[PDB]
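For this one, two forms of the same chain are given in structure tokens, first as structure 1 and then as structure 2.
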Structure 1
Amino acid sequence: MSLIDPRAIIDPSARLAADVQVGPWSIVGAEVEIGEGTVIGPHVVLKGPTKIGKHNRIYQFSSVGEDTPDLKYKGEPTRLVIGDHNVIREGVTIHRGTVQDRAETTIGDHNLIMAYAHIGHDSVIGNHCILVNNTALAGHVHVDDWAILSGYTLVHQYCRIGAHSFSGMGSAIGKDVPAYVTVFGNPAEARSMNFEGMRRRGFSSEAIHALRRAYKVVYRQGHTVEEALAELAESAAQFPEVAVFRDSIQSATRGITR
């Protein structure tokens, strides 16, 4: 009983580790590297230059490491890097980067990418993200740790989904989602904060509330961004959690001279 199946295809150009298993009718293309204990299901298409890590699980009908259909991509040998302990569910589409950004699509550790979800070119996902069904990242989308993207959440190109943030099902995100913020609908509008996630991450009640006031300052208090950021400065100095929230709003805003 062999790890790699007789009906599967493995390129001698590819590099598979020890307990790497490849299900039947699965293509392991050239320049693909699969780390220790990773399991590849049946009818799975893997294309390189790709670097899949240790103990990931890639389900049937997923197309991982494919050239973007983007008219931007001219054929360049761009990469994709996948961490350890990721779950890439059925029919998930992961495309490699474009020379235009930094030639790389990057997925971290312990992420759960559910059915038909799209991780488009030059996107960067951290650790412990949950990407529910058909969640689509257009390209160059940066998804920080613990972000939850509810079913069919769509993200416009270049956006930044903050740490601990949450997007409601069928969300259309066109601007950066600050850390801990819960956005909902098409077009995504901020509703509140991921207090449940804060609890899960063992956040002190003092820090949870600091984050509740931190939201009210940015949104509810009628302040502008440039003002909210300035107000936040005190609470942000007192709470490393409020400081994550402020830095996410500071990195989203640049602006022009008047």
Structure 2
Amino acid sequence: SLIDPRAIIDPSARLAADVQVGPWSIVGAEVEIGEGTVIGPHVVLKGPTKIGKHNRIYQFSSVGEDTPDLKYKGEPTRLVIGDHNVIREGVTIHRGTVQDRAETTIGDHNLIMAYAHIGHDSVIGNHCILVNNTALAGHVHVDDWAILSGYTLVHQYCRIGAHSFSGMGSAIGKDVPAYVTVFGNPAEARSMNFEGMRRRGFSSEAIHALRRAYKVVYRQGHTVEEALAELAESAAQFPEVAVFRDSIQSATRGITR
């Protein structure tokens, strides 16, 4: 451990073994930091916030702030961050709202690049990448391995499916199904993230069942109900297709087309 004496550590904060806190950082009341986490210089941490192990948080980041969206803040709302996350320069992460989840949740092994915004009540899974200035407005669910390219904007309540991909400057207003590639403002479905399936070792059979799964949903004039029925068999054979099918079935307010 090195706790720099120019940092401010609230008496109610809890620091585990091997935690580093750089100069002029604030570890506010009710912030818990897990084993081996490195807080850079000029970082503002605010609670109630739970941060796990072996995280890295860069300078000028505001982690666990209140949403500005309310004037009168509800407390106590939480921020939970898991393990092995990188949070780059100037990132903003807001805690939840009493109305909704009362918690913003980030899992493990995520890369959140400079000036990205994680809005109130959002949930990030594991192994996600949010590129520079990605902004999640609030109540955004990002499932595992999803990649949002630089300056991707996401409206409230949108679901970003597992292994999905957004192009630079995408503006997402509807759910993105698992594996789907989206581009533009407003965002449009283009293809699937075949590159990602390969890099995570999907069988060719799985990749071909997912290609056919795309066409079923987007290209053959079927209701969502008819697509779910058509996808049932492929979904039962391939867990990878089931992830796709589940992402479409969970979309009650429709999907990015």
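So that the term is clear: the rigid core is the largest set of C-alpha atoms that superpose within 1.5 Å between two forms. Residue positions are counted from 1 along structure 1's sequence.
Asks: Where among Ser204, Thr224, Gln60, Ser63 does the Cα move by 2 Å or more between the two structures after the core is superposed?
Replies: Of all the options, the C-alpha that shifts by at least 2 Å belongs to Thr224.
Asks: Tell me, please, whether between the two structures the C-alpha of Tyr73 is shifted by 2 Å or more, with the rigid core used for superposition.
Replies: True for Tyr73: a C-alpha shift of 2 Å or more.
Asks: Superpose the two forms on their rigid core, then report whether the C-alpha of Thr253 is displaced by 2 angstroms or more between the two structures.
Replies: Yes; that C-alpha moves by at least 2 Å between the two structures.
Asks: In Å, how large is the C-alpha displacement of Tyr116 between the two structures after the rigid core is aligned?
Replies: Core-aligned C-alpha shift comes out at 0.2 Å.
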